[PDB]
Amino acid sequence: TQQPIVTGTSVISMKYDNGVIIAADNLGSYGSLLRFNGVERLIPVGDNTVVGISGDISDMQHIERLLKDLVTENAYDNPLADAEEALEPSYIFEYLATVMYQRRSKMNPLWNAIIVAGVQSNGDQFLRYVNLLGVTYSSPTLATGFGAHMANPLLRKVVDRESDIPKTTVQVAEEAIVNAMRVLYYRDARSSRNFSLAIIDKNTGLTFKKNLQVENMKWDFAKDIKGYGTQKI
Amino acid sequence: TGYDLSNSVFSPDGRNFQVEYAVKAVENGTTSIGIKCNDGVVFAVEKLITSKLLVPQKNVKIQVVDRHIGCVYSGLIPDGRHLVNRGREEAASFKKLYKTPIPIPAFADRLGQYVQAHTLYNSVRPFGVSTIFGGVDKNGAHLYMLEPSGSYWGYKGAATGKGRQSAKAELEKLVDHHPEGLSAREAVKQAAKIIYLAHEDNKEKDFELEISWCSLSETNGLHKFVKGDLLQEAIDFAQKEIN
């Protein structure tokens, strides 16, 4: 029994025809104080998986160490560690899900919501969610926090069921993701302008973009808004 | 007497005969070596081909610890594995508490203290392996060799197993002829040669060669196995030298 101190807000993600995209901003809030500004919440694992984490940052940092120790452990007495016996996204997920549910069952949770995005060895897209209760689910789009409320509806307009995935390109998907990040910056009081984005493609591999910014913001209409009802000047 | 029937008993000269008997098991094993180089270390070992039926390349004997340390050993293979498992737990616990990967001297004493602990009681048997290990840390490259007694030191080069003497002589020539240093790619070649030379003392069955290395410039300070073009290139340089 626990309470989150330093926290990260939404993590959003979707499948497209050849892969998966996932994004999360670079802020570590301390309640309403926007305390830390260069916080990386997407953590790559090998060249085929990105784990995106929201919630308590001390627990996120613990999960990083678990994942980086997992890579080390998997290389041990494994001559195929960078080939047929490399860590799959599904292996990494099941491990994290196992841990999350055990910790909730001991009444001492890791206060996080997690999305594991990647491509399996057979080229299949992987996207699955797990949180502090050990609840898990998969969907063509996935988001945590405010992301679930504001991103999912936007990303679902692009991919609304399984059959929309072959029809969606990496340019379309990234655009939808980048737009959702802007919306969250307008509307979520614990978001930041700066974010990271990662694409995991069955052909181009893992591309990891840092220091992105929300751009193309409409603020001009603000000049016309006066008072709260009757005030004219 | 009967001073030699129980581990941890001092004989009247002040020896622990059970450890000395463990050394005999080590001398009976296949040859393995390490060469310290300019910015790294190289490990190699002789794998006797017992039969046609062994799958070539698929019975690996050099072992990684953490991401920056290689270990090879001669003697009872399972004992060596047990020691490396302990080394891995020790490395994880150091990294967990201190964040930085375990320094090689630090790692060497963890293995040493653990091996030495198995000479303290009559309820355990000493380790039947000598272990050559090392890698690269913030202070450079380090090579170590560790005996069943728990004795270890830092080495310029080291060898153990049946061909330890032939290898030792071969290593000594390199240390005399290269007081400025040996390069990593150079050391890989020499390693192949010495394993081939040292295979003289064990020539019933023919053998499969296995090499690994850590170099600040050639492997980025990580432990990797030498395979493919670089392996065959060094097998050939060895072939050339026995003829």
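Atoms considered below: every heavy atom in the structure, side chains included; atoms not considered: hydrogens, waters and symmetry mates. Throughout, protein chains are lettered first and strands after them, A, B, ... in sequence-line order, and every chain is numbered starting at 1.
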If you measure only the distance, is there a donor-acceptor pair under 3.5 Å linking the side chains of [X] and [Y]?
X: B:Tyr73; Y: B:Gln63; result: yes
X: A:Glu85; Y: A:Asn74; result: no
X: A:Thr9; Y: A:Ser191; result: no
X: B:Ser8; Y: B:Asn122; result: no
X: A:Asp56; Y: A:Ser58; result: yes

Between atom [atom1] of [X] and atom [atom2] of [Y], what is the distance when rounded to the nearest 0.5 Å?
X: B:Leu97; Y: B:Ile102; atom1: CG; atom2: CD1; value: 11.0 Å
X: A:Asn112; Y: A:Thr144; atom1: CG; atom2: OG1; value: 10.0 Å
X: A:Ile199; Y: A:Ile22; atom1: CD1; atom2: CD1; value: 12.0 Å
X: B:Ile62; Y: B:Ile211; atom1: CD1; atom2: CD1; value: 8.0 Å
X: A:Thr7; Y: A:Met60; atom1: OG1; atom2: CE; value: 11.0 Å
X: A:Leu110; Y: A:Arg104; atom1: CG; atom2: CZ; value: 13.5 Å

Taking B:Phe133 as the fixed residue, which of B:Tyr152, B:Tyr155, B:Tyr144 is the one that meets the ring-ring contact (aromatic ring centres under 6.0 Å, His included) rule?
->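 The single option meeting the ring-ring contact (aromatic ring centres under 6.0 Å, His included) with B:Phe133 is B:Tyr144.
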Short side-chain to backbone donor-acceptor contact, [X] and [Y], under 3.5 Å:
X: A:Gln125; Y: A:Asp17; value: yes
X: A:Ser192; Y: A:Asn194; value: yes
X: A:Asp164; Y: A:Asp160; value: yes
X: B:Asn139; Y: B:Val136; value: no
X: A:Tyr16; Y: A:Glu174; value: no
X: A:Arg182; Y: A:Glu215; value: yes
X: A:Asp201; Y: A:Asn203; value: yes
X: A:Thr169; Y: A:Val172; value: yes

Is any side-chain N of the basic residue among A:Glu64 and A:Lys68 closer than 4.0 Å to the acidic one's carboxylate O?
-> no
Salt-bridge criterion met for B:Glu218 and B:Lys224 (N-O under 4.0 Å) = no
Quick one: sort the B:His82 and B:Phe127 rings into parallel, tilted or perpendicular, breaks at 30° and 60°.
->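 Answer is tilted, since the angle falls between 30° and 60°.
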Indicate the atoms forming the closest heavy-atom contact of [X] with [Y], along with that distance.
X: A:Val11; Y: A:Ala24; result: CG2-CB, 3.9 Å
X: B:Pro126; Y: B:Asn7; result: CD-ND2, 3.4 Å
X: B:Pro148; Y: B:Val115; result: O-CG1, 3.4 Å
X: A:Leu34; Y: A:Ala189; result: CD2-O, 4.0 Å
X: A:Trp111; Y: A:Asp59; result: N-OD2, 3.0 Å
X: B:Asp79; Y: B:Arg125; result: OD2-NH1, 2.6 Å

So side-chain hydrogen bond (donor to acceptor under 3.5 Å, both in side chains) across residues 33-59 of chain B, not counting sequence neighbours, yields B:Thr31-B:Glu46, B:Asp39-B:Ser215, B:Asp39-B:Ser217, B:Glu46-B:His199, B:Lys47-B:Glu208, B:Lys47-B:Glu210
Decide yes or no for [X] and [Y]: does some side-chain heavy atom of the first lie under 4.5 Å from some side-chain heavy atom of the second?
X: A:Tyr30; Y: A:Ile5; value: yes
X: A:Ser196; Y: A:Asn26; value: yes
X: A:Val116; Y: A:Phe126; value: yes
X: B:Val64; Y: B:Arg67; value: no
X: A:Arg41; Y: A:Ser54; value: yes
X: B:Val60; Y: B:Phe225; value: yes
X: A:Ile92; Y: A:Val51; value: yes
X: B:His68; Y: B:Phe107; value: no

Give a yes or no on whether [X] atom [atom1] has more than 12 heavy-atom contacts from other residues, nucleotides or ligands under 6.0 Å away.
X: A:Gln213; atom1: CD; result: yes
X: B:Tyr98; atom1: OH; result: no
X: A:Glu94; atom1: CD; result: no
X: A:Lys223; atom1: NZ; result: yes
X: A:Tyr101; atom1: OH; result: no
X: A:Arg187; atom1: CZ; result: no
X: A:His149; atom1: NE2; result: no
X: A:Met217; atom1: CE; result: yes

Do B:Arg88 and A:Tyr76 meet the cation-pi criteria used here (NZ or CZ under 6.0 Å from the six-membered ring centre, within 45° of the axis)?
-> yes
Taking B:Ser212 as the fixed residue, which of B:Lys61, B:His223, B:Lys227 is the one that meets the side chain to side chain contact (heavy atoms under 4.5 Å, CB included) rule?
-> B:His223
Knowing that exactly one of A:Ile177, A:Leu127, A:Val178 qualifies, which makes a side chain to side chain contact (heavy atoms under 4.5 Å, CB included) with A:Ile21?
-> A:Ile177
Passes side chain to side chain contact (heavy atoms under 4.5 Å, CB included), A:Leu184 versus A:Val214? Steps please.
-> CA-CA 10 Å; A:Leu184 295 169; A:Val214 171; over 6 Å; no
Just do the side chain to side chain contact (heavy atoms under 4.5 Å, CB included) check on B:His142 and B:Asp137 with the steps written out, would you?
-> CA-CA 8 Å; B:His142 305 79; B:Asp137 69 27; 3.2 Å; yes
Side chain to side chain contact (heavy atoms under 4.5 Å, CB included) between A:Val50 and A:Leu206, intermediate numbers included = CA-CA 9 Å; A:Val50 175; A:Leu206 155 61; 3.9 Å; yes
When you look at A:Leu87 and A:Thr49, which way does the side chain to side chain contact (heavy atoms under 4.5 Å, CB included) test go after all the steps?
-> CA-CA 9 Å; A:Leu87 293 170; A:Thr49 308; over 6 Å; no
